[PDB]
């Protein structure tokens, strides 16, 4: 009997983005993560509403822990006014996280700056690809944040970046000092016409991504945001996780 090769060491943590489970309750979400050996969840309002009580927040944490899951950040949370920003930062504090994934209107970036100073939280702007005018890609988030507080950056969405015609691995190399979260997913083309697909079936260079994360020592989460078959996504979620685990282990 000959032991297989040791699995490679990686600085990042595997998680799930909450939108993957937009059509499912928290019970179903946590049970699925548990079965997939995934220990991190980005928290969405459809699982933990912003006005949840202190007791409801405790109950959320306890359920997460019972399934060996940590809620590591909140969002994406879209923010179109200072009041929404105020509410999002207070919610993060109440939930006990220090990372907020957000989509603030451009004119509100100075206010986000004020709030990251007040709370000492990181704030990761979710880039959205070529269908959306604001924050289409990693460069656009960079240009809007590079002169602001160091705690403001991006949720590097590798799929949307590639669909905008950008190399997400080269963007990670350039912009790593402001990449605070990541959505992993795969796409069928490096254009607006690219659609979501199971990880490994599409165009994203995962081996390159994994090597680059090691090279820049990315220590955040790589959170699967699976946007295919969203009314019955389980088979695709699990195949994508398997493929990504293997790339993580063998690269």
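Residue numbers count along the first chain shown, from 1.
- Averaged over Cα atoms, the B-factor as recorded in the entry is higher for 126-134 than for the other of 171-179 and 126-134.
- The entry lists a Cα temperature factor for residue 62 that places it in the highest third of the chain's modelled residues.
- Sort the modelled residues of the chain by CA B factor and residue 240 lands in the lowest third.
- Placement of the Cα temperature factor of residue 98 within the chain: highest third of the modelled residues, per the deposited record.
- Ranked by Cα temperature factor within the chain, residue 38 sits in the lowest third according to the deposited record.
- Residue 47: CA B factor lies in the middle third for its chain, per the PDB record.
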